[PDB]
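Before any comments, here is the structure.
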Amino acid sequence: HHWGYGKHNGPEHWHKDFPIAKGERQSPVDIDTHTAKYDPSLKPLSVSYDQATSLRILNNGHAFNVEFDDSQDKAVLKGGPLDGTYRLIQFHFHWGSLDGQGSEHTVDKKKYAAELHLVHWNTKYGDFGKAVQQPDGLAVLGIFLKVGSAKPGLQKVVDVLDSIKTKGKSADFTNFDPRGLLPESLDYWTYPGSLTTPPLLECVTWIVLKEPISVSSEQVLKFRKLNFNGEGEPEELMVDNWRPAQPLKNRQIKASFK
Ligand SMILES: [N]S(=O)(=O)[N][C]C1234B567B89%10B5%11%12B85%13B98%14B%1061B821B326B%115(B%12724)C%13%1416
Ligand SMILES: [Zn+2]
């Protein structure tokens, strides 16, 4: 009886196996733009993805994951709220069954069609597994998707999804440049939170970009043809793989922009 997004194993059940689900710094959260405060102590954000080496794309039964070679300092996130250097390990999306839902973070309670998460670990901790035992182990760059014009930098991902339809399937996915998934502006909000999936670990410095990227209805429709189930099992479309907003508790959301 594994965790998932259904009625009997979804977000309202996760706390039974992962009691940190009811913790003091869970994600995602609603970003109340009027309560968010500009923070002059934030340094410029540095997203340095020129040398990123992608390896593989994987359907893990919850999302599709594009995985990178993180054995050297290549694709790194620095600056902003971060102390030190965080290495890109993978990215994935959360999306809806309909265009009106799919994001995990919300903005004044607005839900976007999807949300991209670029996951990075703090290189002072040596490896990802050690980083996830630290309160500043991870940084996730979150980017909202709205439906409108196509995102040409996404199409290579969309086009390989047919080959990883079911849980456990993977495909080679080299030479993919995640710079093509970024909006023009790096204006962002930041707060301390958690992974939004089990194990829900409270390691994450969240950096959520204000500017969404636009993707086409056809692009997102292809996300929604993936399957949660494995090959030869009854078809359950991979849709609505998002956790809703959690209590803000004793936190403040800071803005990089005035
Ligand atoms: N939405 S999230 O980025 O908080 N969680 C996604 C994960 B997938 B699995 B991979 B590993 B586990 B799960 B957790 B991070 B990485 B990424 C770790
Ligand atoms: Zn995620």
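Identifiers for the structure tokens are assigned positionally: chains receive A, B, ... in sequence, residues are indexed from 1 per chain, and ligands are indexed from 1 in the order shown.
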Considering only C-alpha atoms and all ligand atoms, give me a table of residues in chain A that are at most 12 Å from ligand 2, with the closest atom pair and distance in Å for each, as a Markdown table.
| residue | atom | partner | partner_atom_place_in_ligand_line | distance |
| --- | --- | --- | --- | --- |
| A:27 | CA | ligand 2 | 1 (Zn) | 9.9 |
| A:28 | CA | ligand 2 | 1 (Zn) | 9.3 |
| A:62 | CA | ligand 2 | 1 (Zn) | 9.6 |
| A:63 | CA | ligand 2 | 1 (Zn) | 8.4 |
| A:64 | CA | ligand 2 | 1 (Zn) | 10.3 |
| A:65 | CA | ligand 2 | 1 (Zn) | 9.6 |
| A:66 | CA | ligand 2 | 1 (Zn) | 12.0 |
| A:90 | CA | ligand 2 | 1 (Zn) | 10.2 |
| A:91 | CA | ligand 2 | 1 (Zn) | 7.9 |
| A:92 | CA | ligand 2 | 1 (Zn) | 6.2 |
| A:93 | CA | ligand 2 | 1 (Zn) | 6.1 |
| A:94 | CA | ligand 2 | 1 (Zn) | 6.3 |
| A:95 | CA | ligand 2 | 1 (Zn) | 10.0 |
| A:102 | CA | ligand 2 | 1 (Zn) | 11.2 |
| A:103 | CA | ligand 2 | 1 (Zn) | 9.5 |
| A:104 | CA | ligand 2 | 1 (Zn) | 8.1 |
| A:105 | CA | ligand 2 | 1 (Zn) | 10.2 |
| A:114 | CA | ligand 2 | 1 (Zn) | 10.3 |
| A:115 | CA | ligand 2 | 1 (Zn) | 7.7 |
| A:116 | CA | ligand 2 | 1 (Zn) | 7.0 |
| A:117 | CA | ligand 2 | 1 (Zn) | 5.1 |
| A:118 | CA | ligand 2 | 1 (Zn) | 8.0 |
| A:119 | CA | ligand 2 | 1 (Zn) | 8.1 |
| A:120 | CA | ligand 2 | 1 (Zn) | 11.7 |
| A:139 | CA | ligand 2 | 1 (Zn) | 11.6 |
| A:140 | CA | ligand 2 | 1 (Zn) | 8.3 |
| A:141 | CA | ligand 2 | 1 (Zn) | 9.6 |
| A:142 | CA | ligand 2 | 1 (Zn) | 8.2 |
| A:143 | CA | ligand 2 | 1 (Zn) | 10.5 |
| A:144 | CA | ligand 2 | 1 (Zn) | 11.6 |
| A:194 | CA | ligand 2 | 1 (Zn) | 10.1 |
| A:195 | CA | ligand 2 | 1 (Zn) | 7.2 |
| A:196 | CA | ligand 2 | 1 (Zn) | 6.1 |
| A:197 | CA | ligand 2 | 1 (Zn) | 7.0 |
| A:198 | CA | ligand 2 | 1 (Zn) | 10.4 |
| A:199 | CA | ligand 2 | 1 (Zn) | 11.9 |
| A:200 | CA | ligand 2 | 1 (Zn) | 10.6 |
| A:204 | CA | ligand 2 | 1 (Zn) | 11.4 |
| A:206 | CA | ligand 2 | 1 (Zn) | 11.0 |
| A:208 | CA | ligand 2 | 1 (Zn) | 11.9 |
| A:241 | CA | ligand 2 | 1 (Zn) | 9.1 |
| A:242 | CA | ligand 2 | 1 (Zn) | 8.0 |
| A:243 | CA | ligand 2 | 1 (Zn) | 9.1 |
| A:244 | CA | ligand 2 | 1 (Zn) | 11.9 |
Could you pull the residues within 7 Å of residue 55 of chain A, counting only C-alpha atoms, minus those fewer than 5 positions along the same chain, as an MDAnalysis selection string? chainID A and resid 67:69 172:174
For the residues selected in the previous step, produce a file with N, CA and C atoms as a CSV table (one decimal), in the first residue's frame.
chain,number,residue,atom,x,y,z
A,67,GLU,N,17.4,13.2,-15.2
A,67,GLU,CA,18.5,13.0,-14.2
A,67,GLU,C,19.8,13.5,-14.9
A,68,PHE,N,20.7,14.1,-14.1
A,68,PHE,CA,21.9,14.7,-14.5
A,68,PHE,C,23.1,14.0,-13.8
A,69,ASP,N,24.3,14.1,-14.5
A,69,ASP,CA,25.6,13.7,-13.9
A,69,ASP,C,26.0,14.8,-12.9
A,172,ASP,N,17.5,6.7,-22.4
A,172,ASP,CA,18.7,7.6,-22.5
A,172,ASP,C,18.1,9.0,-22.8
A,173,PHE,N,18.8,10.0,-22.2
A,173,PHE,CA,18.3,11.4,-22.4
A,173,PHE,C,19.5,12.3,-22.1
A,174,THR,N,20.4,12.2,-23.1
A,174,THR,CA,21.7,13.0,-23.0
A,174,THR,C,21.5,14.3,-23.8
Contacts of segment 121-129 of chain A within 6 Å, only C-alpha atoms, excl. fewer than 2 positions in-chain, as a ChimeraX atom specification: /A:85-87,131-132,137-138
Contacts of residue 101 of chain A at 8 Å or less, counting only C-alpha atoms, minus same-chain residues fewer than 5 places along, as a PyMOL selection string? chain A and resi 95-96+111-114+240
Contacts of segment 158-163 of chain A at 12 Å (only C-alpha atoms; same-chain gap of 4+ positions) as an MDAnalysis selection string: chainID A and resid 56:59 63:66 93 150:154 167:174 176 215:227 231 238
Would you output that residue set with N, CA and C atoms, as a compact mmCIF listing (two decimals), in the first residue's frame?
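Once written, result.txt looks like this:
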# COMPACT_ATOMS: atom_id res chain seq x y z
N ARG A 56 19.48 10.60 -18.37
CA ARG A 56 18.40 9.65 -18.46
C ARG A 56 17.09 10.31 -18.04
N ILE A 57 15.99 9.80 -18.57
CA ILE A 57 14.65 10.20 -18.15
C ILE A 57 13.92 8.95 -17.63
N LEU A 58 13.26 9.08 -16.49
CA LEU A 58 12.68 7.97 -15.75
C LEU A 58 11.23 8.27 -15.33
N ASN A 59 10.31 7.35 -15.60
CA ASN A 59 8.97 7.38 -14.98
C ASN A 59 9.09 6.58 -13.68
N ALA A 63 6.00 10.85 -11.24
CA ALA A 63 6.36 11.91 -12.19
C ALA A 63 7.36 11.33 -13.22
N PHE A 64 7.81 12.13 -14.17
CA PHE A 64 8.99 11.77 -15.00
C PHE A 64 10.15 12.63 -14.53
N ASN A 65 11.32 12.02 -14.41
CA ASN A 65 12.48 12.64 -13.78
C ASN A 65 13.59 12.67 -14.84
N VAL A 66 14.12 13.86 -15.14
CA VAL A 66 15.33 14.01 -15.97
C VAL A 66 16.54 14.13 -15.04
N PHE A 93 8.28 17.50 -12.96
CA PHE A 93 7.11 18.37 -12.95
C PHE A 93 6.02 17.77 -12.10
N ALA A 150 3.76 27.47 -27.00
CA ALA A 150 4.62 26.34 -26.73
C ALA A 150 5.97 26.80 -26.23
N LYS A 151 6.62 25.95 -25.45
CA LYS A 151 7.96 26.23 -24.95
C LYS A 151 8.89 25.35 -25.77
N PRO A 152 9.66 25.96 -26.69
CA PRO A 152 10.37 25.07 -27.61
C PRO A 152 11.41 24.20 -26.92
N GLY A 153 12.00 24.71 -25.83
CA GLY A 153 12.98 23.97 -25.03
C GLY A 153 12.43 22.77 -24.25
N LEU A 154 11.11 22.66 -24.18
CA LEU A 154 10.44 21.53 -23.54
C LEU A 154 10.14 20.38 -24.50
N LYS A 167 5.31 3.11 -15.11
CA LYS A 167 6.20 3.13 -13.95
C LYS A 167 7.37 2.17 -14.14
N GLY A 168 8.58 2.66 -13.87
CA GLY A 168 9.78 1.84 -13.96
C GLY A 168 10.52 1.92 -15.28
N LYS A 169 9.89 2.49 -16.31
CA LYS A 169 10.52 2.68 -17.61
C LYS A 169 11.47 3.88 -17.61
N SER A 170 12.62 3.71 -18.25
CA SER A 170 13.59 4.78 -18.45
C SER A 170 14.11 4.79 -19.89
N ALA A 171 14.70 5.91 -20.27
CA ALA A 171 15.31 6.07 -21.60
C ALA A 171 16.55 6.96 -21.51
N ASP A 172 17.52 6.73 -22.38
CA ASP A 172 18.67 7.62 -22.45
C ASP A 172 18.15 9.01 -22.78
N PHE A 173 18.77 10.02 -22.19
CA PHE A 173 18.31 11.40 -22.40
C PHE A 173 19.50 12.30 -22.15
N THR A 174 20.45 12.23 -23.07
CA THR A 174 21.67 13.00 -23.00
C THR A 174 21.54 14.31 -23.77
N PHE A 176 20.51 17.20 -23.00
CA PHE A 176 19.37 18.11 -22.83
C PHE A 176 19.81 19.30 -22.01
N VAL A 215 3.66 26.97 -21.83
CA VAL A 215 3.73 25.75 -22.61
C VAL A 215 2.42 25.60 -23.40
N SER A 216 2.42 24.84 -24.48
CA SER A 216 1.20 24.70 -25.26
C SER A 216 0.27 23.65 -24.65
N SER A 217 -1.00 23.77 -24.99
CA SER A 217 -1.99 22.81 -24.54
C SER A 217 -1.55 21.41 -25.01
N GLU A 218 -0.99 21.32 -26.22
CA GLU A 218 -0.52 20.02 -26.72
C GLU A 218 0.63 19.45 -25.89
N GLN A 219 1.54 20.30 -25.44
CA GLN A 219 2.64 19.85 -24.57
C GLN A 219 2.12 19.26 -23.26
N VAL A 220 1.22 19.97 -22.60
CA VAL A 220 0.71 19.50 -21.31
C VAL A 220 -0.21 18.28 -21.49
N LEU A 221 -0.92 18.22 -22.60
CA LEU A 221 -1.77 17.08 -22.89
C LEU A 221 -0.90 15.82 -22.93
N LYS A 222 0.33 15.94 -23.44
CA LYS A 222 1.25 14.78 -23.49
C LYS A 222 1.75 14.36 -22.11
N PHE A 223 1.92 15.31 -21.19
CA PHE A 223 2.23 14.95 -19.81
C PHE A 223 1.12 14.03 -19.29
N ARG A 224 -0.12 14.40 -19.57
CA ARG A 224 -1.29 13.67 -19.06
C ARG A 224 -1.58 12.32 -19.69
N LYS A 225 -0.77 11.88 -20.65
CA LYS A 225 -0.86 10.52 -21.20
C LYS A 225 0.05 9.53 -20.52
N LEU A 226 0.92 10.01 -19.63
CA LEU A 226 1.74 9.11 -18.86
C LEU A 226 0.85 8.31 -17.92
N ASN A 227 1.41 7.23 -17.39
CA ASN A 227 0.70 6.35 -16.50
C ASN A 227 1.40 6.27 -15.14
N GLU A 231 3.80 -1.35 -16.64
CA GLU A 231 3.41 -2.03 -17.89
C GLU A 231 2.57 -3.27 -17.56
N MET A 238 -1.46 9.50 -15.27
CA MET A 238 -0.63 10.27 -14.35
C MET A 238 -1.06 11.74 -14.50
Please extract the residues of segment 107-157 of chain A with a backbone DSSP assignment of helix (DSSP H, G or I) and present them as a count of residues only. 13
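Across A:15, A:25, A:74, A:251, the tightest approach to residue 193 of chain A is made by A:25 when counting only C-alpha atoms.
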Using only C-alpha atoms and all ligand atoms, can you tell me which of A:50, A:184, A:202, A:177 comes closest to ligand 1?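 Smallest distance to ligand 1 is found for A:202.
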